[PDB]
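Engineer: The structure file entry20.txt (compact mmCIF, C-alpha atoms and all ligand atoms) is provided below.
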```
# COMPACT_ATOMS: atom_id res chain seq x y z
CA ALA C 1 -2.59 94.17 112.91
CA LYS C 2 -0.13 96.32 114.88
CA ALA C 3 -1.46 99.46 116.76
CA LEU C 4 0.45 102.18 118.42
CA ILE C 5 -1.37 104.33 121.07
CA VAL C 6 0.36 107.48 122.19
CA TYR C 7 -1.24 109.58 124.94
CA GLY C 8 -0.72 112.87 126.76
CA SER C 9 -2.36 112.85 130.23
CA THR C 10 -1.86 115.27 133.20
CA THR C 11 -4.37 113.85 135.64
CA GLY C 12 -4.64 110.38 134.18
CA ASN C 13 -8.01 110.61 132.42
CA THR C 14 -6.74 110.29 128.83
CA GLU C 15 -4.28 107.62 130.17
CA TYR C 16 -7.16 105.59 131.53
CA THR C 17 -8.97 106.07 128.16
CA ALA C 18 -5.84 104.80 126.32
CA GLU C 19 -5.70 101.74 128.75
CA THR C 20 -9.30 100.96 127.94
CA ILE C 21 -8.83 101.25 124.13
CA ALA C 22 -5.64 99.16 124.39
CA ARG C 23 -7.41 96.38 126.18
CA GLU C 24 -10.29 96.37 123.68
CA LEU C 25 -7.77 96.21 120.73
CA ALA C 26 -5.60 93.50 122.42
CA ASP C 27 -8.73 91.51 123.13
CA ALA C 28 -9.67 91.68 119.44
CA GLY C 29 -6.16 90.10 118.58
CA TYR C 30 -4.30 93.30 117.75
CA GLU C 31 -0.62 93.73 118.82
CA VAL C 32 -0.81 97.04 120.84
CA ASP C 33 2.18 99.25 121.77
CA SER C 34 0.98 101.91 124.19
CA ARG C 35 3.39 104.85 125.03
CA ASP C 36 3.15 107.98 127.22
CA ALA C 37 3.98 111.06 125.00
CA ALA C 38 6.25 112.39 127.88
CA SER C 39 8.79 109.96 126.60
CA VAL C 40 8.42 109.23 122.95
CA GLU C 41 10.47 110.47 120.04
CA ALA C 42 8.71 111.86 117.01
CA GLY C 43 11.00 110.63 114.40
CA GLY C 44 9.72 107.68 112.42
CA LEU C 45 7.31 107.04 115.43
CA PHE C 46 4.48 105.65 113.32
CA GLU C 47 6.52 103.52 110.94
CA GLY C 48 5.63 99.81 111.25
CA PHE C 49 2.14 100.45 112.50
CA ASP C 50 -1.06 99.61 110.71
CA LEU C 51 -3.03 101.95 113.08
CA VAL C 52 -1.99 104.82 115.25
CA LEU C 53 -4.30 106.34 117.95
CA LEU C 54 -3.33 109.68 119.45
CA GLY C 55 -4.84 110.74 122.80
CA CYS C 56 -4.52 114.15 124.31
CA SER C 57 -6.46 116.23 126.95
CA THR C 58 -7.35 119.90 126.37
CA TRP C 59 -6.21 122.65 128.69
CA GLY C 60 -6.13 126.46 128.41
CA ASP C 61 -9.63 127.53 129.32
CA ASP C 62 -9.58 130.89 127.33
CA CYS C 63 -7.68 129.39 124.41
CA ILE C 64 -6.57 125.87 123.33
CA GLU C 65 -3.50 124.39 124.89
CA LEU C 66 -2.61 120.70 124.34
CA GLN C 67 -1.68 118.47 127.40
CA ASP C 68 1.87 119.55 128.22
CA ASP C 69 3.56 116.14 127.54
CA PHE C 70 2.04 116.00 124.14
CA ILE C 71 3.15 119.41 122.83
CA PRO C 72 6.74 118.22 121.62
CA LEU C 73 5.24 115.43 119.62
CA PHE C 74 2.55 117.58 118.14
CA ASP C 75 5.08 120.24 117.16
CA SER C 76 7.05 117.31 115.32
CA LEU C 77 4.08 115.50 113.70
CA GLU C 78 5.52 116.03 110.15
CA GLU C 79 8.38 113.79 111.20
CA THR C 80 6.38 110.77 112.32
CA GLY C 81 5.39 108.93 109.16
CA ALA C 82 1.79 110.06 109.08
CA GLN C 83 1.24 110.18 105.31
CA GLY C 84 -1.00 107.28 104.15
CA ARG C 85 -1.23 106.13 107.87
CA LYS C 86 -4.56 105.06 109.28
CA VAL C 87 -5.09 107.10 112.44
CA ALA C 88 -7.78 108.29 114.79
CA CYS C 89 -7.75 110.55 117.81
CA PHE C 90 -9.16 110.67 121.34
CA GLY C 91 -9.05 112.91 124.40
CA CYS C 92 -10.73 114.15 127.56
CA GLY C 93 -12.02 117.63 128.12
CA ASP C 94 -15.10 119.36 129.74
CA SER C 95 -17.96 120.79 127.66
CA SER C 96 -18.31 123.77 130.02
CA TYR C 97 -15.18 125.27 128.39
CA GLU C 98 -15.39 127.27 125.21
CA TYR C 99 -13.20 124.88 123.13
CA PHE C 100 -14.36 121.48 124.31
CA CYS C 101 -11.68 118.86 123.42
CA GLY C 102 -10.09 121.42 121.10
CA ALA C 103 -6.89 119.35 121.33
CA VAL C 104 -8.48 116.39 119.58
CA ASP C 105 -9.51 118.79 116.59
CA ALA C 106 -6.13 120.40 116.41
CA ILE C 107 -4.36 116.92 116.24
CA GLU C 108 -6.96 115.57 113.70
CA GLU C 109 -6.54 118.63 111.44
CA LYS C 110 -2.85 118.42 111.62
CA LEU C 111 -2.94 114.72 110.72
CA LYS C 112 -5.38 115.30 107.83
CA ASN C 113 -3.11 117.97 106.29
CA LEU C 114 -0.26 115.60 106.60
CA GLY C 115 -2.03 113.09 104.29
CA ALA C 116 -2.98 110.71 107.13
CA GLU C 117 -6.14 108.71 106.77
CA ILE C 118 -8.66 109.51 109.59
CA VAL C 119 -10.56 106.40 110.06
CA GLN C 120 -13.04 107.43 112.57
CA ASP C 121 -14.16 110.85 113.94
CA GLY C 122 -12.28 111.70 117.20
CA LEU C 123 -13.45 110.39 120.53
CA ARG C 124 -14.18 113.54 122.70
CA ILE C 125 -14.88 112.56 126.39
CA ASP C 126 -16.67 115.06 128.55
CA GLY C 127 -15.95 114.53 132.14
CA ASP C 128 -14.61 111.38 133.86
CA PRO C 129 -13.84 108.78 131.28
CA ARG C 130 -14.65 106.05 134.00
CA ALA C 131 -18.31 107.38 133.39
CA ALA C 132 -18.09 107.01 129.65
CA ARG C 133 -16.33 103.51 129.74
CA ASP C 134 -18.91 102.20 127.28
CA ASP C 135 -18.67 104.95 124.64
CA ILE C 136 -14.70 104.30 124.76
CA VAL C 137 -15.25 100.54 124.25
CA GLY C 138 -17.67 101.37 121.45
CA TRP C 139 -15.38 103.77 119.64
CA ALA C 140 -12.44 101.22 119.77
CA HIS C 141 -14.75 98.61 118.04
CA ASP C 142 -15.72 101.20 115.46
CA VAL C 143 -12.15 102.08 114.63
CA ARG C 144 -11.24 98.35 114.03
CA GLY C 145 -14.19 98.24 111.57
CA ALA C 146 -12.81 101.21 109.74
CA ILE C 147 -9.57 99.94 108.80
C1 LIG V 201 -7.62 124.89 134.52
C2 LIG V 201 -8.29 123.90 133.53
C3 LIG V 201 -8.53 124.26 132.21
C4 LIG V 201 -9.10 123.37 131.22
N1 LIG V 201 -9.38 123.75 129.94
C5 LIG V 201 -10.08 122.98 129.14
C6 LIG V 201 -10.44 123.38 127.81
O1 LIG V 201 -10.07 124.44 127.35
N2 LIG V 201 -11.22 122.54 127.09
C7 LIG V 201 -11.71 121.20 127.60
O2 LIG V 201 -12.38 120.50 126.86
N3 LIG V 201 -11.33 120.88 128.75
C8 LIG V 201 -10.60 121.60 129.53
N4 LIG V 201 -10.17 121.24 130.78
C9 LIG V 201 -10.59 119.88 131.31
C10 LIG V 201 -9.45 118.86 131.20
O3 LIG V 201 -9.26 118.53 129.85
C11 LIG V 201 -10.10 117.62 131.91
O4 LIG V 201 -9.99 117.86 133.38
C12 LIG V 201 -9.37 116.32 131.44
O5 LIG V 201 -10.14 115.27 132.15
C13 LIG V 201 -7.89 116.14 131.78
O6 LIG V 201 -7.39 114.83 131.17
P1 LIG V 201 -6.07 114.36 131.59
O7 LIG V 201 -6.04 113.76 132.92
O8 LIG V 201 -5.89 113.14 130.63
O9 LIG V 201 -4.94 115.40 131.25
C14 LIG V 201 -9.49 122.06 131.72
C15 LIG V 201 -9.28 121.74 133.08
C16 LIG V 201 -8.70 122.60 134.00
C17 LIG V 201 -8.52 122.16 135.47
```
What is this file in structure tokens?
Structural biologist:
Amino acid sequence: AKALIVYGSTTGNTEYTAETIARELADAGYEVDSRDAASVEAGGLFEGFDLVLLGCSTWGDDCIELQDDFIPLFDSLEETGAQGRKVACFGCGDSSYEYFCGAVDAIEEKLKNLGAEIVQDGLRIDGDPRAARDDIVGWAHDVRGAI
């Protein structure tokens, strides 16, 4: 099994979440390729991968903005190879805002309409993910079961 994890992180919280999911998948025997969205290229990005996990933090406060590094990839998601691809999404936000983790919904919706296969409901972390380390580890185990 080959997994790709692509994350957008401004203060490092979704990055830490992606490091935690990557270690759980690697420990299970998966080959994991983890990339920061600041430097990936959308075209053909998902091709070759059995599983693709997209992480992105929510910003915006009065409206939904995706983490700034992620916006180019999200804008190019039709070009990635998402149709028929098993995917799931994750991100950090704060439930005191009106659209809590609205970036994870936006990316899930977009993937669904592209004919991707969402294998697990998105992981939406409220607060410091270092304080939710066990729900992250749990969701990573769940996604492996869903493929
Ligand atoms: C000015 C500001 C606005 C934010 N807006 C939202 C929001 O609209 N929804 C949400 O869930 N979280 C929101 N957040 C919380 C960030 O998503 C949270 O701090 C997250 O941990 C950042 O993850 P990152 O380090 O991976 O980019 C906001 C934070 C700040 C400082």
Engineer: Show me which residues are within 9 Å of ligand LIG 201 (chain V) counting only C-alpha atoms and all ligand atoms, and format the list as number ranges by chain.
Structural biologist: C: 7-17, 55-68, 91-103, 124-129
Engineer: Nearest to residue C:24 among C:145, C:81, C:48, C:138, with distances taken over only C-alpha atoms: which residue is it?
Structural biologist: C:138
Engineer: Within 12 Å of residue C:23, counting all atoms listed in the file, which residues show up once you throw out same-chain ones fewer than 6 positions away? Write them as a PDB file with C-alpha atoms, in the frame of the given file, please.
Structural biologist:
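The file below, result-v5.pdb, is the result:
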```
ATOM      1  CA  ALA C   3      -1.460  99.460 116.760  1.00  0.00           C
ATOM      2  CA  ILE C   5      -1.370 104.330 121.070  1.00  0.00           C
ATOM      3  CA  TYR C  16      -7.160 105.590 131.530  1.00  0.00           C
ATOM      4  CA  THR C  17      -8.970 106.070 128.160  1.00  0.00           C
ATOM      5  CA  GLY C  29      -6.160  90.100 118.580  1.00  0.00           C
ATOM      6  CA  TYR C  30      -4.300  93.300 117.750  1.00  0.00           C
ATOM      7  CA  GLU C  31      -0.620  93.730 118.820  1.00  0.00           C
ATOM      8  CA  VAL C  32      -0.810  97.040 120.840  1.00  0.00           C
ATOM      9  CA  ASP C  33       2.180  99.250 121.770  1.00  0.00           C
ATOM     10  CA  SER C  34       0.980 101.910 124.190  1.00  0.00           C
ATOM     11  CA  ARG C 133     -16.330 103.510 129.740  1.00  0.00           C
ATOM     12  CA  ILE C 136     -14.700 104.300 124.760  1.00  0.00           C
ATOM     13  CA  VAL C 137     -15.250 100.540 124.250  1.00  0.00           C
ATOM     14  CA  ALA C 140     -12.440 101.220 119.770  1.00  0.00           C
ATOM     15  CA  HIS C 141     -14.750  98.610 118.040  1.00  0.00           C
TER      16      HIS C 141
END
```
Engineer: By how many Å are atom CA of residue C:50 and atom CA of residue C:105 apart?
Structural biologist: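 The value is 21.8 Å.
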Engineer: For the atom pair atom CA of residue C:53 and atom CA of residue C:131, what is the interatomic distance in Å to one decimal place?
Structural biologist: 20.9 Å
Engineer: To one decimal in Å, tell me the separation between atom CA of residue C:75 and atom CA of residue C:41.
Structural biologist: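 Separation of atom CA of residue C:75 and atom CA of residue C:41: 11.5 Å.
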Engineer: Determine, counting all atoms listed in the file, which protein, DNA and RNA residues have an atom within 7 Å of an atom of residue C:123; residues of the same chain fewer than 3 positions away are not included. Present the result as a PyMOL selection string.
Structural biologist: chain C and resi 89-91+139
Engineer: Which residue is closest to residue C:22? Choose from C:39, C:76, C:120, C:2 and count all atoms listed in the file.
Structural biologist: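 When distances to residue C:22 are compared using all atoms listed in the file, the smallest one comes from C:2.
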Engineer: Starting from the incomplete input, reconstruct N, CA, C and O atoms of stretch 1-20 of chain C and write that as a tab-separated table (two decimals), in the coordinates of the input.
Structural biologist:
```
chain	number	residue	atom	x	y	z
C	1	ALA	N	-2.42	92.66	112.78
C	1	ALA	CA	-2.59	94.17	112.91
C	1	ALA	C	-1.78	94.70	114.11
C	1	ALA	O	-1.95	94.20	115.25
C	2	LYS	N	-0.95	95.74	113.84
C	2	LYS	CA	-0.13	96.32	114.88
C	2	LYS	C	-0.56	97.84	115.14
C	2	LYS	O	-0.59	98.59	114.14
C	3	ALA	N	-0.93	98.12	116.42
C	3	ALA	CA	-1.46	99.46	116.76
C	3	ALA	C	-0.49	100.11	117.67
C	3	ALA	O	0.13	99.42	118.56
C	4	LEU	N	-0.36	101.44	117.50
C	4	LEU	CA	0.45	102.18	118.42
C	4	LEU	C	-0.59	103.19	119.09
C	4	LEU	O	-1.36	103.83	118.35
C	5	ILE	N	-0.51	103.34	120.40
C	5	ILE	CA	-1.37	104.33	121.07
C	5	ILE	C	-0.40	105.23	121.80
C	5	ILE	O	0.48	104.80	122.61
C	6	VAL	N	-0.50	106.51	121.48
C	6	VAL	CA	0.36	107.48	122.19
C	6	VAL	C	-0.51	108.51	122.91
C	6	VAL	O	-1.48	109.03	122.28
C	7	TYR	N	-0.33	108.66	124.22
C	7	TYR	CA	-1.24	109.58	124.94
C	7	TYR	C	-0.53	110.68	125.73
C	7	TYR	O	0.62	110.45	126.27
C	8	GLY	N	-1.23	111.77	125.89
C	8	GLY	CA	-0.72	112.87	126.76
C	8	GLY	C	-1.81	112.98	127.88
C	8	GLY	O	-3.00	113.30	127.60
C	9	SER	N	-1.42	112.82	129.14
C	9	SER	CA	-2.36	112.85	130.23
C	9	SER	C	-1.82	113.50	131.47
C	9	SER	O	-0.75	113.15	131.89
C	10	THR	N	-2.54	114.49	132.03
C	10	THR	CA	-1.86	115.27	133.20
C	10	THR	C	-2.56	114.63	134.46
C	10	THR	O	-1.88	114.45	135.58
C	11	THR	N	-3.84	114.42	134.43
C	11	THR	CA	-4.37	113.85	135.64
C	11	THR	C	-4.77	112.40	135.52
C	11	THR	O	-5.44	111.85	136.45
C	12	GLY	N	-4.26	111.82	134.39
C	12	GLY	CA	-4.64	110.38	134.18
C	12	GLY	C	-5.92	109.98	133.49
C	12	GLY	O	-6.14	108.74	133.28
C	13	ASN	N	-6.76	110.96	133.08
C	13	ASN	CA	-8.01	110.61	132.42
C	13	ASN	C	-7.84	110.11	130.96
C	13	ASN	O	-8.44	109.09	130.61
C	14	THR	N	-6.93	110.74	130.23
C	14	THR	CA	-6.74	110.29	128.83
C	14	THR	C	-5.90	109.00	128.91
C	14	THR	O	-6.01	108.08	128.06
C	15	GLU	N	-5.03	108.93	129.94
C	15	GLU	CA	-4.28	107.62	130.17
C	15	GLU	C	-5.22	106.45	130.42
C	15	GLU	O	-4.98	105.38	129.79
C	16	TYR	N	-6.21	106.66	131.27
C	16	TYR	CA	-7.16	105.59	131.53
C	16	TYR	C	-7.89	105.27	130.21
C	16	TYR	O	-8.29	104.04	129.90
C	17	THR	N	-8.25	106.34	129.45
C	17	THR	CA	-8.97	106.07	128.16
C	17	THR	C	-8.03	105.20	127.26
C	17	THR	O	-8.55	104.33	126.55
C	18	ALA	N	-6.75	105.52	127.22
C	18	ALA	CA	-5.84	104.80	126.32
C	18	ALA	C	-5.72	103.34	126.81
C	18	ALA	O	-5.63	102.42	125.93
C	19	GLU	N	-5.83	103.12	128.16
C	19	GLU	CA	-5.70	101.74	128.75
C	19	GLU	C	-6.87	100.93	128.39
C	19	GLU	O	-6.74	99.75	127.95
C	20	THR	N	-8.00	101.58	128.38
C	20	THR	CA	-9.30	100.96	127.94
C	20	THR	C	-9.28	100.65	126.44
C	20	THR	O	-9.72	99.58	125.97
```
